[PDB]
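This report refers to the structure that appears directly beneath it.
Protein chains: 6
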Amino acid sequence: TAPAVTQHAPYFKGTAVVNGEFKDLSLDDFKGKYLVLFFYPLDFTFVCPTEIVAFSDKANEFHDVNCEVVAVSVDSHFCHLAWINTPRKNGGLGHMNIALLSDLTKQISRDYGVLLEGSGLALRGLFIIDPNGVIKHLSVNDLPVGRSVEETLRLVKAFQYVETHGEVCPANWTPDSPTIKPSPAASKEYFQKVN
Amino acid sequence: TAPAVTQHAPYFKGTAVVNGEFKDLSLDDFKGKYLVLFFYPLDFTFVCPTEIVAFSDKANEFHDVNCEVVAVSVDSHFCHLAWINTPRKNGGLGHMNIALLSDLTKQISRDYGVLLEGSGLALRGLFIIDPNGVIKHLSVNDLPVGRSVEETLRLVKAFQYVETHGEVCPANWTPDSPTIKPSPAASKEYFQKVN
Amino acid sequence: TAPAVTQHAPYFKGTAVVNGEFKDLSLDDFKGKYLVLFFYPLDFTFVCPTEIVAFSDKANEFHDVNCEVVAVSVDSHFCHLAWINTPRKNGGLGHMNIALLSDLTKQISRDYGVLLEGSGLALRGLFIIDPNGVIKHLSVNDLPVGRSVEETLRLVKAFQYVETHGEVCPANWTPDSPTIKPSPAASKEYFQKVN
Amino acid sequence: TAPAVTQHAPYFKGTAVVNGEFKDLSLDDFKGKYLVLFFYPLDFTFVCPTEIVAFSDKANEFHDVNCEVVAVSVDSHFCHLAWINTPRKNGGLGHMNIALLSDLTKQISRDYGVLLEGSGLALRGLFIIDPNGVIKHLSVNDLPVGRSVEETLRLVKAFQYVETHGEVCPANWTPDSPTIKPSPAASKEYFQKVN
Amino acid sequence: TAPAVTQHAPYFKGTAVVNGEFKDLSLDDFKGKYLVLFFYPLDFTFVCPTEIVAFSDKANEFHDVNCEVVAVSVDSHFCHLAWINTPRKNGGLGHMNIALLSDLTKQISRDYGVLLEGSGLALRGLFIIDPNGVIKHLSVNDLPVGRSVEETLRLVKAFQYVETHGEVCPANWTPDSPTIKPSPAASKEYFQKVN
Amino acid sequence: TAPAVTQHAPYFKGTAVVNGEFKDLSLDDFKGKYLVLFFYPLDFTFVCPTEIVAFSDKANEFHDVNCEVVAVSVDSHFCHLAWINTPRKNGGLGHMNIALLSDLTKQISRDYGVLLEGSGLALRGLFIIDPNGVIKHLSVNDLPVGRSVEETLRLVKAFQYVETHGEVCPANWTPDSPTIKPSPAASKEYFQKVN
Numbered sequence: 012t013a014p015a016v017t018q019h020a021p022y023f024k025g026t027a028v029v030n031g032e033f034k035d036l037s038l039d040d041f042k043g044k045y046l047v048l049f050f051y052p053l054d055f056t057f058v059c060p061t062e063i064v065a066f067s068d069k070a071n072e073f074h075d076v077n078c079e080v081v082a083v084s085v086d087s088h089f090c091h092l093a094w095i096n097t098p099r100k101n102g103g104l105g106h107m108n109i110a111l112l113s114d115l116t117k118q119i120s121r122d123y124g125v126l127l128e129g130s131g132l133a134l135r136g137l138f139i140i141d142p143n144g145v146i147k148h149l150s151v152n153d154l155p156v157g158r159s160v161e162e163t164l165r166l167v168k169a170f171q172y173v174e175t176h177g178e179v180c181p182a183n184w185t186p187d188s189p190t191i192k193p194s195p196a197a198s199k200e201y202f203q204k205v206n
Numbered sequence: 012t013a014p015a016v017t018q019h020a021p022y023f024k025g026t027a028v029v030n031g032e033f034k035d036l037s038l039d040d041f042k043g044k045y046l047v048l049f050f051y052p053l054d055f056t057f058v059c060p061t062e063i064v065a066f067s068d069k070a071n072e073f074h075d076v077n078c079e080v081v082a083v084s085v086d087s088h089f090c091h092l093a094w095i096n097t098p099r100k101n102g103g104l105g106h107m108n109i110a111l112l113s114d115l116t117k118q119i120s121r122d123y124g125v126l127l128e129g130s131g132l133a134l135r136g137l138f139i140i141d142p143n144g145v146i147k148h149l150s151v152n153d154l155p156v157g158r159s160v161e162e163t164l165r166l167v168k169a170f171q172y173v174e175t176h177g178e179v180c181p182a183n184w185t186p187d188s189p190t191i192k193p194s195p196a197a198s199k200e201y202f203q204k205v206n
Numbered sequence: 012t013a014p015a016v017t018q019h020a021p022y023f024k025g026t027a028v029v030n031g032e033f034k035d036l037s038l039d040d041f042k043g044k045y046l047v048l049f050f051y052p053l054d055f056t057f058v059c060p061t062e063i064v065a066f067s068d069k070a071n072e073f074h075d076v077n078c079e080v081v082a083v084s085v086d087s088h089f090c091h092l093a094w095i096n097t098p099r100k101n102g103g104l105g106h107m108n109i110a111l112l113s114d115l116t117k118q119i120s121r122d123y124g125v126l127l128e129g130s131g132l133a134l135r136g137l138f139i140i141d142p143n144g145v146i147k148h149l150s151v152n153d154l155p156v157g158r159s160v161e162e163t164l165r166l167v168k169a170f171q172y173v174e175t176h177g178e179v180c181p182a183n184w185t186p187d188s189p190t191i192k193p194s195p196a197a198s199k200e201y202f203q204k205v206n
Numbered sequence: 012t013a014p015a016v017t018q019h020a021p022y023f024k025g026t027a028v029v030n031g032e033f034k035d036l037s038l039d040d041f042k043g044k045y046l047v048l049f050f051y052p053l054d055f056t057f058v059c060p061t062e063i064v065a066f067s068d069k070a071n072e073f074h075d076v077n078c079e080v081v082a083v084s085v086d087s088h089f090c091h092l093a094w095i096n097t098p099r100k101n102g103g104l105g106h107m108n109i110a111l112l113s114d115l116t117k118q119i120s121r122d123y124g125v126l127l128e129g130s131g132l133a134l135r136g137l138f139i140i141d142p143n144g145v146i147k148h149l150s151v152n153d154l155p156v157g158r159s160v161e162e163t164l165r166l167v168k169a170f171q172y173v174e175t176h177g178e179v180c181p182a183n184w185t186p187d188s189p190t191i192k193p194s195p196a197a198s199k200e201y202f203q204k205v206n
Numbered sequence: 012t013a014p015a016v017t018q019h020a021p022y023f024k025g026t027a028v029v030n031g032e033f034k035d036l037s038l039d040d041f042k043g044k045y046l047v048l049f050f051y052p053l054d055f056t057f058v059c060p061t062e063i064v065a066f067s068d069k070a071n072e073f074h075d076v077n078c079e080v081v082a083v084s085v086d087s088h089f090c091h092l093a094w095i096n097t098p099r100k101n102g103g104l105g106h107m108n109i110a111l112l113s114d115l116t117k118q119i120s121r122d123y124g125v126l127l128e129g130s131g132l133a134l135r136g137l138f139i140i141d142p143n144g145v146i147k148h149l150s151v152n153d154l155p156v157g158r159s160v161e162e163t164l165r166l167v168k169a170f171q172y173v174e175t176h177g178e179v180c181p182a183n184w185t186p187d188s189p190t191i192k193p194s195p196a197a198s199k200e201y202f203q204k205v206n
Numbered sequence: 012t013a014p015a016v017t018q019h020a021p022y023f024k025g026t027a028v029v030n031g032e033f034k035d036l037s038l039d040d041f042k043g044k045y046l047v048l049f050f051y052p053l054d055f056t057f058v059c060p061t062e063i064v065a066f067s068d069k070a071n072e073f074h075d076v077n078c079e080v081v082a083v084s085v086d087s088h089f090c091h092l093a094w095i096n097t098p099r100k101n102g103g104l105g106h107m108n109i110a111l112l113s114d115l116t117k118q119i120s121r122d123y124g125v126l127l128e129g130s131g132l133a134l135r136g137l138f139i140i141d142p143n144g145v146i147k148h149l150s151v152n153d154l155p156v157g158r159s160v161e162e163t164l165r166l167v168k169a170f171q172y173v174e175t176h177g178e179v180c181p182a183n184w185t186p187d188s189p190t191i192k193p194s195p196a197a198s199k200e201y202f203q204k205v206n
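Protein chains in written order, with the working numbering: chain A, 12 to 206; chain B, 12 to 206; chain C, 12 to 206; chain D, 12 to 206; chain E, 12 to 206; chain F, 12 to 206.
Put into C-alpha cells, the structure is as follows:
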C-alpha cells in the first residue's frame, strides 16, 4: 500500500455526496471497476469547479468504460452539497454525475501524498486505479492550473486497451490509431506503417 | 530538494547526447529556463521511441516558450547515440532536437523516485520544472502506455500564462480560451461567460 | 498558556471573513478589548447558523461594551463566504456583523481543546477573554444543542461590572440588580435587602 | 473518564448534607437520572450562597424533569450543615432542597479539572451529566461572577428534547420554540418558518 | 561463495540474448560444463565489440571442449539485440555464437567484484569456471586493453588436460608439448627432455 | 591501496636474490618503471621453475620496454639462491636475469590477495603495475597450470601503447596491428579497415 505507480492504492473511507444524498464510500466499493480518484484544494474556489463540472459532463463516457470518477477535498460533505446547490453561473457545480468525497480528517490526502500540511489542503493530484486496486497512473498539478479531462479518459482507455489486446499504446495514442506488438520482430509492423 | 510538486527538483548530473555528440548536463544548466525532464525505461523498446520522436518533432514549440526537453534512461550515452543512428522505420529515433541523458548509475532515477529497483529501470515519469528549479507538475505512467506530448505542452504554457497574467487556468484550458481572476468578485466574469 | 479559566488564552492566527472580505486575524488584534471566541462544528449545518445569526444580530450590544465576537470552525474562508452569500431562509447566514474565522489546519481548535480528532471538527466551545487575553469564562455544549447569546452577553457585562465597581455579581444578575461588597460586614447590605 | 463533553464523567464519592443529615453520595447513585453537578469555591462567602439558594428554590423544576442538583465545595460536611443552619438574611442558605457534597480531600474538584491547587478551592464549574453518566455540557466562571440557574435548566431540557424527539435545538431555544430536523432537505422547514 | 580462484563461482541469473532471442540464463545451466564468463564495460563502444566478435568466431573450438562462453555487461537485453543487429563494419557484432547476458541491475558485476560503482560499469574481468562451478582462473584488464581469446582457450585446454592426465602444464604449454609428472623423481623426465 | 585494477598496488618490502646476491627490494624501487610482479607457490616444485626460467629467458624484451620482472614466493632468500645454484636439467633455475623476492612473513602474498592461508603458499597471481604504481592488469591461475610469458609481454606493450598513442587495443592486439580511436565517428576507421 503506497501512492505510487504499480503499488496498491492506499485504503480510504469517508462520506461522499452521491445523487444529492450522503453516502459512505471506500476503496473496497470500487473493486471490479476502474477508479479515477482526484483531489482538489477547496470548494467555492476557481479552477476546482471547472474540473469537477468537466468530469461530471464527461462522466457518462467514463461509466461506459467501467470507470468511476471521485472528486476529493478536505471540505465537509455539507459544504460539498451546498456547492452542488450553487448554479454554475455563480461559480457552483449544479447537478453532479460523479461522487464528491469529503476528506474532513485530511487523512485521505495525507495517505495519497497530496496534503500540504501547512495549509491543510490537497494539491491537484489524480490517480487512475485499476479493478484490482493498483495505481496505473498518477499526476499532480500546482494549484493555479487545471487538469485535462480528455487526457484522463484517453489514459483510462489506453490501459484497458493494453489489458485486453496485449499490444502497447504509443505516445499520443487515441482509439483506432496504431498500436505495437511488444517483441522486436512483431514491433516492426508498427514502425514501418507510421514512417 | 524532493520529487514532489512545489519543491525544488533534485540535482542531477550526467552525460547526454546533444546534437550527435557527448556533452555533460546538470540541473544548473537549465536555471532561467523551463525544463521538461522525462524518464523512459529502455532504449530499443516499443512505447519509448514513439514518445521520444513525438517530443523531438514538437521540440521547436517547447523552445519557442523557453522550455527545454530532456529524455532520461538508465542506458549508456553510447546506446543513446546508436539509437539515434537507427532509422525510425526500424524502431529507431533518427535525428533528435532534444537531449538524451544517460543515467548509467541509476541515481537520477532513484533521486526522482521513478527507479524500479528490482528491474533496474525507470517508470514513465515526467516533471515540469520552472526557471527557479521548482516542480510545477509531475506525472507517472506504467510501462505499456505512452504519454501525451500535446498535454505536456499545454501544461508548460498554462504555467507560463498564470506566471505572467495572474489569472488561473480552467480545466481543459488552451491558449486564448477564457481564464479566471482568482478572487470571489472578479471570478464571476468567467463563470457568467461560459454558462 | 492554556484553555482554562484564569489562564492566558492560547495564541491563534488565521484567515477570517470580515465584512465580506478576507482578512488575517490573531489574538493580538483583540488586545485592549473583550473577546467572545466561539467554535462551531461545520458550515451549512443546523444549530450552527442559528448561533451565528443570533450573535450577529446582537453584535451591536457586545460592540457597545467593547467586546468583539469571533465565530470559528474548521471550514475554509471560501466556504464561510459562500455561507454568508446564502440567504437565511435557505439555511445561510446573510450579512454578518461578526468575523468568521477559518481554522483550516484545525490547530486553533486543537489548542483550545475543542477538536474531536476522530471527526475533524470542533465541539460547541465558547470562551470569554478579557482585554489582557485572560479567560474569564468557558462553556462547551455537545453538538445538538445551541448556546444562549443572551447569557453570553450577561456574563460579559458581569465581568465588566466587577472590574469597575469592586462588587461581585450574584446568581442570575442582570444590570441594575443588587450586588455584593465582598467582605463579611459589608455583604450584609446585600443579604438583608434581598431577604 | 475525563471532565470533557462526550466523555464519561469521572467517578466521585463523598459525604453530603441531605435533609439536614449526613449521607454518602457517589456518581453511581445518579445512574438513570440527569445530574447537574456544580462546584463553588467556599462556604460562608458571597456569590456562592446566591447560587446555592437560587438552585434550591428552583430544584422542583429540575426534579420534575428527572434531574438532581448537587452543589460541591472543598469544605467539610459539618461546615455545610453550619451554613444550612444560618439564615439567608445573614449570608446563609436556610432549608435546602439539594444535596451539599463535601470534597474534603479535594480529589473530586481535582478529577473534574476545576481545582486551583495553589489556593485549595474550586472555580465555578458546572457539569450536566446524563443518565448514562456522559457529560453533555460544562461551564466554568472565574470566582467573582455567579452562574445562571435559568440557563442551566434550559440546557437540561434541551438535551432531553433532542434525546426524545431527534431534532436539534437552535440558539436561544426555549421549550415549545421551533427545532430543526438534522438533515439538509428537512431542515428547510425550520429556516423557512423563522424567516 | 566468492570470485576467487579455488572458490565456487557466485550465483548469477539474468536475461540473455541467445541466437537472436531472449532467454533466462543462470550458473546452474552450466553445471557439467566449463564456462568462460567475461565482463565488458559497454555495448556500442570500441575494445568491447572486438572481444565479443573474436570469442564468437572462436566459439566452435570452446564448444568442442565442452566450454560455453558468456559475455556480460550492464546493458539491457534489448540493447544487446540491437548491437547484434548492427553490422561489424559499423562497430556492431553481427551473428553471435555466444550468449550475451544482461546485468541490468548491476548485481552480477558487483558479486563478481568487477563493477566500478562510481561509473556503473564493469571492468574487463574474465573467469574460467569448471563443471562443478569452481573458479580455476581469473583475469582483469583496465578498460583500454582487450584480452586474448587465444590465451583463454589455451588455459581451458590446460585445466582439462591436468584433470584427465594427472600431469601439470608448464609455462607456455600448448597441446602435445611436454608435461610434468608432479613428484620429484618422475619430474626429471620433463626437465632432462627440455634441457 | 588494494590488489585491484585501477588502484595503487599495495606496498611491499623484502629480501631478493639479484645477480646471486641478497638485496632489499620495495615497491618504491620500481617508481618510474613498469613492474610485472608474479607469485608462484614453492621453490623446487614443477610448474614454477618453467615459469621462472621462461620469464628470465625473455627478460631482455621486458627491460627493453622499461619493465622489471620480479618473481615472489613464501620461500626464504637462501632457498631461492639454492634453487638458482641448481641446474635446469634437475628442476632448478640456473643463472637468473630477474629478481627472486622472498615473502618469508607471507605478508606480501597476503596483501596482494593470493595467499592460501590454510596451506601457507601463494596461488599463481600476476600483477602488471605501471610507473605510478597503479595496477593495469591482474591474473590468477590455480596451481597446476602455468601462465604465458608471451601474453604478459603483449599486455605490458599494449598498456604502453595506449598511454603514448591515445588509441585503445583490440582483442588479440599485437604490436603494429590496428588500433581504435575511442570516439564514435573516429572508431569507424578501425571497423571499416578490418571488415
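Each residue gets a CB set at the ideal place from its N, CA and C atoms; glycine is no exception.
Taking a C-beta distance under 9 Å as the contact criterion, B:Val167 and B:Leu111 do not qualify as a contact pair. Boundaries of the alpha helix (DSSP H) around B:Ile119: 118-122. Contact annotation: in the segment 33-57 of chain A, residues whose CB is within less than 7 Å of a CB in chain C are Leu53, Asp54, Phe55, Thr56.
For the pair C:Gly136 and C:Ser150, the CB atoms are nearer than the 9 Å cut-off.
Shown here, B:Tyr201 sits in a helix according to DSSP, grouped into three states.
Non-local beta-carbon contacts of E:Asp114 in its own chain, meaning distances under 7 Å to residues more than five positions away in sequence, involve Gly25, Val83, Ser84, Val85, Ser120 in chain order.
In this chain, the alpha helix (DSSP H) harbouring D:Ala93 covers 88-95.
For F:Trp184, the CB contacts under 6 Å within the same chain, skipping 5 residues up- and downstream, are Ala169 in chain order. No Cβ of chain A is located within less than 9 Å of the beta carbon of E:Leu112. In the three-state reduction of the DSSP assignment, F:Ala27 falls in the strand class. Taking all protein chains in view, the Cβ of C:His148 is crowded by 16 or more other Cβ atoms within 10 Å, so the residue is classified as buried. Judged by their CB atoms, B:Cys180 and A:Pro155 are nearer to each other than the 9 Å cut-off.
If you look at B:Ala65, you'll find it in the alpha helix (DSSP H) that goes 58-75. If you draw a straight line from the Cα of E:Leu164 to the Cα of E:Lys42, it comes to about 19 Å. Legend: CB atoms of the segment 189-201 of chain B lying less than 8 Å from CB atoms of chain C belong to residues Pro195. According to DSSP, F:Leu36 shares a beta bridge with F:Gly25. By the CB criterion at 9 Å, E:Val145 and E:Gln18 fall inside the cutoff. Here DSSP, grouped into helix, strand and coil, assigns D:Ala15 to coil.
Counting along the chain, the unbroken alpha helix (DSSP H) around A:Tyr172 starts and ends at 160-176. The three-state reading of DSSP puts F:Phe55 in coil, since its state is none of H, G, I, E or B. About 17 Å separates the beta carbon of A:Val16 from that of B:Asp122, a gap too long to meet the 8 Å contact definition. Secondary structure at A:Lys100: helix, using DSSP grouped into helix, strand and coil. Per the coordinates, the alpha-carbon of C:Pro52 lies some 15 Å from the alpha-carbon of D:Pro195.
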